[PDB]
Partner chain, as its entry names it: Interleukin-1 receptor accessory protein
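Form solved without the partner chain, single chain, as structure tokens, below.
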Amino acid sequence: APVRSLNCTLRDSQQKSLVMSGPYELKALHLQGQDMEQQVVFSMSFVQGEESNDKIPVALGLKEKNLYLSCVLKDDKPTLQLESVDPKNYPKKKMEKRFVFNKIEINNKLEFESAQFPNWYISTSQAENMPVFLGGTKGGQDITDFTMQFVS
């Protein structure tokens, strides 16, 4: 049948919100009150892939935009990018591997591992207003844990 999707927001474990920062850019910063309208709303699709109780393959598209988070090699490194797709063809159940994240539930938080690049995670910096990126370890100064908020 159709792929199933939910609208949601993400915040990192320091409660930083994610916002659009100009073309194909996402930034993490502390947000509260009126300014929270600026946060990015995701359409999280539940896609084809290897699955276990606490490890669920998803795609992360921007709500009602033909833009998806994806993992590709750039100047020879696993990187996180926003990628344009054909809006007639997405979302779909069989998303290409660069778009797939393993959503992992650990100690009441979520981590998003690249399906393409094992042990690379959606990450934020501790500093304010820095890019969201792919970080090649879930252990150090960089933040790899999130909570999800479900949206109407």
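C-alpha atoms forming the largest set that superposes within 1.5 Å between two forms make up the rigid core. Positions refer to the first chain, counted from 1.
- For the pair 48-56 and 82-90, the record assigns the higher mean C-alpha temperature factor to 48-56.
- Comparing 16-24 with 133-141, the stretch with the higher mean C-alpha B-factor in the PDB entry is 133-141.
- Remark: of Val100, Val41, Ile106, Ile122, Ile106 shows the highest value [criterion: C-alpha B-factor in the PDB entry].
- In the deposited entry, the Cα temperature factor of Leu110 sits in the middle third of values across the chain's modelled residues.
- Among all modelled residues in its chain, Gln116 ranks in the middle third by Cα B-factor.
- Annotation for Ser70: CA B-factor lies in the lowest third of the chain's modelled residues.
- The deposited CA B-factor of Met95 belongs to the middle third of values across its chain.
- In the PDB entry, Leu29 places in the middle third of its chain by CA B-factor.
Beyond the structure shown, there is the form deposited with the partner chain bound, which is absent from this document and is the topic of what follows.
- Residue contact check for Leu134: none of its heavy atoms lie within 4.5 Å of the partner chain in the bound PDB entry.
- Measuring CA movement between the shown form and the other one with the rigid core aligned, the set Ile106, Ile56, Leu29, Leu62 has one residue at 2 Å or more: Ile106.
- Shown here is a form in which the CA atoms of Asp54 and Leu10 lie at least 3 Å closer together than they do in the bound PDB entry.
- CA of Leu10 to CA of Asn53: farther apart by 3 Å or more in the bound PDB entry than in the shown form.
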